[PDB]
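Q: Mind having a look at this structure? Questions to follow.
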Amino acid sequence: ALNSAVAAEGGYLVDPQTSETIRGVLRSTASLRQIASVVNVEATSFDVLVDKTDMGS
Amino acid sequence: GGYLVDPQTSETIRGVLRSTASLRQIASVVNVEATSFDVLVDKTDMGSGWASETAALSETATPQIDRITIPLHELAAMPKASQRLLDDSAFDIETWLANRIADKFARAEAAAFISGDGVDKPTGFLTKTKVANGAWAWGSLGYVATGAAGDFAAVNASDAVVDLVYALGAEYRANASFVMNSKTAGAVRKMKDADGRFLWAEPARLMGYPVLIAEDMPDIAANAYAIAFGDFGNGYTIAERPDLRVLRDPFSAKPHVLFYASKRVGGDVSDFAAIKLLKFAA
Amino acid sequence: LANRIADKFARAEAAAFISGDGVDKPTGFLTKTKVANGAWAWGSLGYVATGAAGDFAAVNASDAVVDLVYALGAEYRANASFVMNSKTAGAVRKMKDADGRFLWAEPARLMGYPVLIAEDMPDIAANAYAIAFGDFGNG
Amino acid sequence: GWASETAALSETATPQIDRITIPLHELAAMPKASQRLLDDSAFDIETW
Amino acid sequence: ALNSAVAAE
Amino acid sequence: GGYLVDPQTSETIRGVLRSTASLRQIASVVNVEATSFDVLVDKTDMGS
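Residue numbers (the UniProt record's numbering), protein chains in the order written: chain D, 101 to 157; chain W, 110 to 310, 317 to 397; chain S, 206 to 310, 317 to 350; chain A, 158 to 205; chain H, 101 to 109; chain C, 110 to 157.
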C-alpha cells in the first residue's frame with residue numbers, strides 16, 4: 101500500500117495495461133493497384149484483346 | 110458626483126493567451142485508465158514466395174514484435190487561494206482556475222511530448238538516441254544533417270529540408286507534419302533566392324505539408340535538432356486520463372483553499388521510422 | 206496475421222507490377238524490351254533519353270521530363286501518372302533555376324499530373340529507367 | 158510539477174491579475190439645420 | 101488567486 | 110510473440126495466515142465509555 105515506484109512496496113499491483121490493437125510498422129502501400137486496371141478473374145490466365153492498327157476512311 | 114459612476118467590470122475575467130500548440134492534436138491520443146500503456150509494434154515483416162508449380166513451399170519469416178511501455182506519469186499544480194477571495198469576487202474563481210490550470214497543463218505537457226526527458230515525465234522525441242539517417246536502426250530516430258554548423262547549407266541551401274522529406278518513408282509522408290518553434294520558422298521563411306525573393310510559398320504549411328509551430332525545440336545552434344518532421348499519427352503515442360480531477364484543500368492552509376488538481380499523462384515514441392530530424396553538424 | 210499477410214502481399218506484388226520479371230510472377234513494365242521513342246514498335250515500350258549519363262541534362266535541364274510528357278499521346282495523357290521511387294522524387298524536386306529557387310511547384320502532383328511514388332524503380336544510374344509515365348488505366 | 162511518487166508536493170505560483178480600465182468617453186456632433194429646409198425637401202433629411 | 105489584500109493578485 | 114502473451118493477475122490478493130485466538134474470548138470484556146475503567150478490589154480479608 102506504499103508508493104508505486106518500488107516493486108516490493110506494492111509495485112506489483114499496477115499490472116500495466118497493454119494496447120487495444122497490436123500495432124506495427126506501417127510500410128508503403130503504394131502498389132500501383134489503385135492506378136492500374138484491376139480485373140477479377142477466376143481462371144488460370146487472362147487474355148486482353150487489343151488493336152494494334154486501325155481502319156481507313 | 111464622481112462617486113456615483115461605479116465603473117462596470119468585465120463579464121469574463123480574461124487573461125494572456127499562450128500557445129496552445131501542444132502536439133496533442135496531431136499525435137495519437139489514447140485513453141488509458143491504468144498505470145502504463147504498451148504499444149505492440151512490428152520491427153520486421155514476413156517474406157513472400159512466388160512459389161513455382163512444383164516447389165513444396167517452405168517456411169517464411171514472421172514479424173518479431175517490439176513492445177514500448179508508456180510510463181503514464183502524473184502532473185499536478187497547486188495554487189493557494191484565499192477563502193475571503195472565493196466568496197466576494199463574483200467572477201467564478203473555481204471554474205476560472207480549472208479553466209486556467211488546464212491551459213497550463215496543455216502548455217506544460219507540450220514540453221513533455223517534445224523535449225521532455227525520462228524521469229517523472231514523458232520523453233519527447235528529441236531525447237531518443239538520434240542516429241543519422243541511412244544507418245537507421247530500430248531503437249532510435251533517424252536524422253539528416255545540413256552541412257555547415259550554425260546555419261543551413263551554404264552553397265545549395267534549402268536542400269537539407271527536401272531530402273529530410275524524401276527520407277521519411279513513402280507511407281509516413283501521407284499525413285505528416287513539420288515541428289518547429291516559432292523563431293526557427295522565421296529563419297526558414299527568411300531564406301531567399303539569388304534575386305532577393307524569399308522562396309517558400317493559417318495552417319502555415321511548408322512544401323504543402325502542415326507545420327505544427329511548437330515552442331520547445333532549440334533554434335539553429337551548432338548541433339541542435341531544430342526541425343522535426345514525420346507522421347505523428349503513428350510515430351508518437353500519448354496516453355492519458357480524460358479528466359482534470361480537482362481536490363480543494365480547505366484544511367492545510369487554514370485561511371486558504373489551496374486547489375490541488377492533477378491530470379496524469381504519459382507517452383513516448385511509437386514508430387521510430389515515422390519521425391525524421393534535422394541536425395546542423397555536418 | 207491475415208491483416209498483416211495481406212499488407213505484405215500488396216507490398217510484394219508492387220515489385221511484381223513494376224519490376225517483376227517473367228518467371229512465376231508478373232512482369233512489370235520495366236522489363237518489356239525498351240525501345241527509344243520515335244521508332245516505336247508495338248511489342249515494346251517507348252522511352253525518351255536524357256542526354257548526360259548519371260544525371261539529367263546539363264545545359265537545358267528539366268526538358269527531358271516535358272518531352273516525356275508530350276510524347277505519350279494526346280489521348281493517354283488525359284488520366285496519366287508518373288511513377289518513381291521516393292529517392293528519385295527528391296532528386297527531381299531538388300532541381301532549381303539559375304537563382305537557387307527550385308522550379309517545380317498530398318497527391319504530390321508534378322506539372323499537374325499525379326505521381327505514384329512506387330518503391331521499386333532504380334535511381335539515377337548510368338542507364339537506368341528511373342522515371343515512368345503514362346495512362347496505366349489502359350497500359 | 159511533474160511530482161515524483163514520494164515528493165509531498167509543495168506550492169506553486171498563481172497568475173497575478175492586471176486590470177485595465179476603459180474610459181468610455183462620449184462623442185457628439187451637432188449640425189445646424191433650418192426648419193424651412195426640413196419641411197420642403199422631400200428627401201428625408203432627418204434619417205439622412 | 102491569492103490574498104485579497106494586495107490588488108494585483 | 111512473448112510480448113503478445115500476458116499472465117492472469119489473480120482472482121484477489123492473498124496473504125499469509127495468522128493466529129486468531131487472542132485471549133479476548135476467555136477474559137472479561139467490559140464495555141466502557143469514560144477514559145478509564147476502575148475496578149474496586151479489597152486487598153485483604155476481613156481478618157475476624
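Ideal Cβ positions, reconstructed from N, Cα and C, are used throughout, including at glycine.
Give the interface partners of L166 (chain A) over in chain B, defined as CB-CB distance under 7 Å, in chain order.
A: You won't find chain B in this structure, because its protein chains are D, W, S, A, H and C.
Q: Excluding the five sequence neighbours on either side, which residues of its own chain have a C-beta within less than 8 Å of the C-beta of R356 (chain W), listed in chain order?
A: The residue given as residue 356 (chain W) occupies position 241 in the second sequence. Once the five neighbours on either side are set aside, the close Cβ partners of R356 (chain W) are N140, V141, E142, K378, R379 and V380.
Q: Taking DSSP as the reference, what is the three-state secondary structure of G345 (chain S)?
A: Taking the third sequence and counting its residues from 1, one reaches residue 345 (chain S) at position 134. Three-state result, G345 (chain S): strand.
Q: Is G323 (chain W) close to the ligand GDP? I mean its beta-carbon at under 7 Å from any heavy atom of the ligand.
A: No copy of the ligand GDP appears in this structure; indeed no ligand is present at all.
Q: Counting only Cβ-Cβ distances shorter than 7 Å, please list the residues of the stretch 123-144 of chain D near chain W, keeping chain order.
A: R123, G124, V125, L126, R127, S128, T129 and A130
Q: My parser needs the beta strand (DSSP E) runs of 3 or more residues fully inside the stretch 110-188 of chain W; what are they?
A: 137-140, 146-151, 174-179 and 182-186
Q: Mark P116 (chain W) as exposed unless 16 or more other C-beta atoms lie within 10 angstroms of its C-beta, in which case mark it buried.
A: The residue you call residue 116 (chain W) lines up with position 7 of the second sequence. Per the 10 Å Cβ criterion, exposed.
Q: Considering only residues of the stretch 181-225 of chain W, which uninterrupted alpha helix (DSSP H) runs meet the minimum length of 4 residues and lie entirely inside it, listed in chain order?
A: 202-224
Q: Does chain W have any CB closer than 8 Å to the CB of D331 (chain S)?
A: The residue you call residue 331 (chain S) lines up with position 120 of the third sequence. No, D331 (chain S) lies away from the interface with chain W (no Cβ there is under 8 Å from its Cβ).
Q: Which of helix, strand or coil does DSSP assign to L235 (chain W)?
A: As a position in the second sequence, residue 235 (chain W) is number 126, starting the count at 1. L235 (chain W) falls in the helix class under three-state DSSP.
Q: Nearest CA to the CA of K230 (chain W): which residue from W:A219, W:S157 and W:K369?
A: Here residue 230 (chain W) is taken as the residue at index 121 of the second sequence, counted from 1. The residue with the shortest Cα to Cα distance from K230 (chain W) is W:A219.
Q: Could you give the distance in angstroms between the alpha-carbon of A283 (chain S) and the alpha-carbon of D346 (chain S)?
A: Position 78 of the third sequence, counted from the first residue, corresponds to residue 283 (chain S). Position 135 of the third sequence, counted from the first residue, corresponds to residue 346 (chain S). For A283 (chain S) and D346 (chain S), the distance between alpha carbons rounds to 8 Å.
Q: For a contact defined as C-beta to C-beta under 9 Å, what are the partners of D175 (chain A) on chain H?
A: The sequence position of residue 175 (chain A) within the fourth sequence is 18, counting from 1. Within 9 Å Cβ-Cβ: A108.
Q: Of the residues W:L235, W:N265 and W:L277, which one's Cα is nearest the Cα of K301 (chain W)?
A: The residue given as residue 301 (chain W) occupies position 192 in the second sequence. Closest by alpha carbon: W:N265.
Q: Could you tell me which of W:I210, W:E183 and W:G348 sits nearest to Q134 (chain W), measuring between CA atoms?
A: Stepping through the second sequence from its first residue, residue 134 (chain W) is reached at position 25. Minimum Cα distance to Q134 (chain W) is reached at W:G348.
Q: Locate the alpha helix (DSSP H) running through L273 (chain W), then write down its first and last residues.
A: Residue mapping note: residue 273 (chain W) aligns to position 164 of the second sequence, counting from 1. Boundaries of the alpha helix (DSSP H) around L273 (chain W): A269 to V274.
Q: What's the C-alpha gap between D147 (chain C) and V138 (chain C)?
A: Here residue 147 (chain C) is taken as the residue at index 38 of the sixth sequence, counted from 1. Here residue 138 (chain C) is taken as the residue at index 29 of the sixth sequence, counted from 1. Approximately 14 Å between the Cα atoms of the pair.
Q: Under 8 Å between the Cβ atoms of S131 (chain W) and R209 (chain W)?
A: For the purposes of this step, residue 131 (chain W) is identified with residue 22 of the second sequence, where counting begins at 1. For the purposes of this step, residue 209 (chain W) is identified with residue 100 of the second sequence, where counting begins at 1. In this structure, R209 (chain W) does not lie closer than 8 Å to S131 (chain W) by Cβ.
Q: For a minimum of 3 consecutive residues, which ranges assigned as the beta strand (DSSP E) are wholly contained in the stretch 323-376 of chain W?
A: 326-329, 340-345, 352-355 and 360-363
Q: Excluding five sequence neighbours on each side, which residues of the same chain lie with their C-beta closer than 8 Å to the C-beta of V240 (chain S)?
A: Position 35 of the third sequence, counting from 1, holds the residue named residue 240 (chain S). Same-chain partners within the cutoff: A246, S249, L250, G251 and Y252.
Q: Could you tell me whether any Cβ in chain D is nearer than 8 Å to the Cβ of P172 (chain W)?
A: For the purposes of this step, residue 172 (chain W) is identified with residue 63 of the second sequence, where counting begins at 1. Yes - at least one Cβ of chain D is within 8 Å of the one on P172 (chain W).
Q: Is it buried or exposed, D197 (chain A), if we count other Cβ atoms within 10 angstroms and call 16 or more buried?
A: One-based indexing of the fourth sequence puts residue 197 (chain A) at position 40. Label assigned to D197 (chain A): exposed.
Q: Going along chain S, which residues have a C-beta under 7 Å from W159 (chain W)?
A: Counting from 1 along the second sequence, the entry for residue 159 (chain W) is found at position 50. Chain S residues near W159 (chain W): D229 and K230.
Q: List, in chain order, every chain W residue whose beta-carbon is nearer than 8 Å to that of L113 (chain C).
A: Mapped onto the sixth sequence, residue 113 (chain C) falls at position 4. Residues of chain W passing the Cβ test: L149 and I174.
Q: In this structure, does DSSP put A285 (chain W) in helix, strand or coil?
A: The sequence position of residue 285 (chain W) within the second sequence is 176, counting from 1. Correct three-state label for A285 (chain W): coil.
Q: For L392 (chain W), list the residues DSSP reports as bridge partners.
A: To locate residue 392 (chain W), count along the second sequence from 1; it is residue 277. Answer is W:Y252 and W:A343.
Q: Are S291 (chain W) and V150 (chain W) touching if we call contact CB-CB under 8 Å?
A: Looking up residue 291 (chain W) in the second sequence gives position 182. Looking up residue 150 (chain W) in the second sequence gives position 41. No, the pair does not count as a contact, with Cβ atoms beyond the cut-off.
Q: Taking Cβ positions, are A396 (chain W) and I179 (chain W) nearer each other than 8 Å?
A: Taking the first residue of the second sequence as 1, we reach residue 396 (chain W) at position 281. Taking the first residue of the second sequence as 1, we reach residue 179 (chain W) at position 70. No. Outside cutoff.
Q: In the stretch 273-306 of chain W, which residues sit with their C-beta less than 9 Å from some C-beta in chain S, listed in chain order?
A: Legend: CB atoms of the stretch 273-306 of chain W lying less than 9 Å from CB atoms of chain S belong to residues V274, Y275, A276, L277, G278, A279, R282, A283, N284, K301, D302, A303, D304 and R306.
Q: Closer than 8 Å by beta-carbon distance: list the chain A residues that pair up with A101 (chain D), in chain order.
A: Locating residue 101 (chain D) in the first sequence gives position 1, where the first residue counts as 1. In chain order: nothing, as chain A lies at least about 13 Å away.
Q: Starting from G243 (chain W), trace the alpha helix (DSSP H) both ways and give me its first and last residue.
A: Translated into positions along the second sequence, residue 243 (chain W) becomes position 134. Counting along the chain, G243 (chain W) sits inside no alpha helix (DSSP H), nor does DSSP assign it H or E at all.
Q: Span of the alpha helix (DSSP H) holding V297 (chain W)?
A: By one-based count along the second sequence, residue 297 (chain W) stands at place 188. Note, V297 (chain W): alpha helix (DSSP H), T293 to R298.
Q: Would you tell me roughly how many angstroms separate the C-alpha atoms of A258 (chain W) and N338 (chain W), rounded to the nearest one?
A: On the second sequence, residue 258 (chain W) is found 149 positions in, with the first residue counted as 1. On the second sequence, residue 338 (chain W) is found 223 positions in, with the first residue counted as 1. The alpha-carbon separation between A258 (chain W) and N338 (chain W) amounts to approximately 7 Å.
Q: Taking only beta-carbon positions, decide if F214 (chain S) is within less than 8 Å of chain W.
A: Here the question's residue 214 (chain S) lines up with position 9 in the third sequence. Cβ-Cβ to chain W under 8 Å: yes for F214 (chain S).
Q: Determine the closest residue to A105 (chain H) out of W:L113, W:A190, W:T169 and W:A165, with distance taken between C-alpha atoms.
A: Taking the fifth sequence and counting its residues from 1, one reaches residue 105 (chain H) at position 5. Comparing Cα-Cα distances from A105 (chain H) to each of W:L113, W:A190, W:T169 and W:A165, the minimum goes to W:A190.
Q: Excluding the 5 residues preceding and the 5 following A262 (chain S) in the sequence, name in chain order all residues of the same chain whose CB lies nearer than 8 Å to its CB.
A: For the purposes of this step, residue 262 (chain S) is taken as the residue at position 57 of the third sequence. Correct list, in chain order: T255, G256, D268 and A269.
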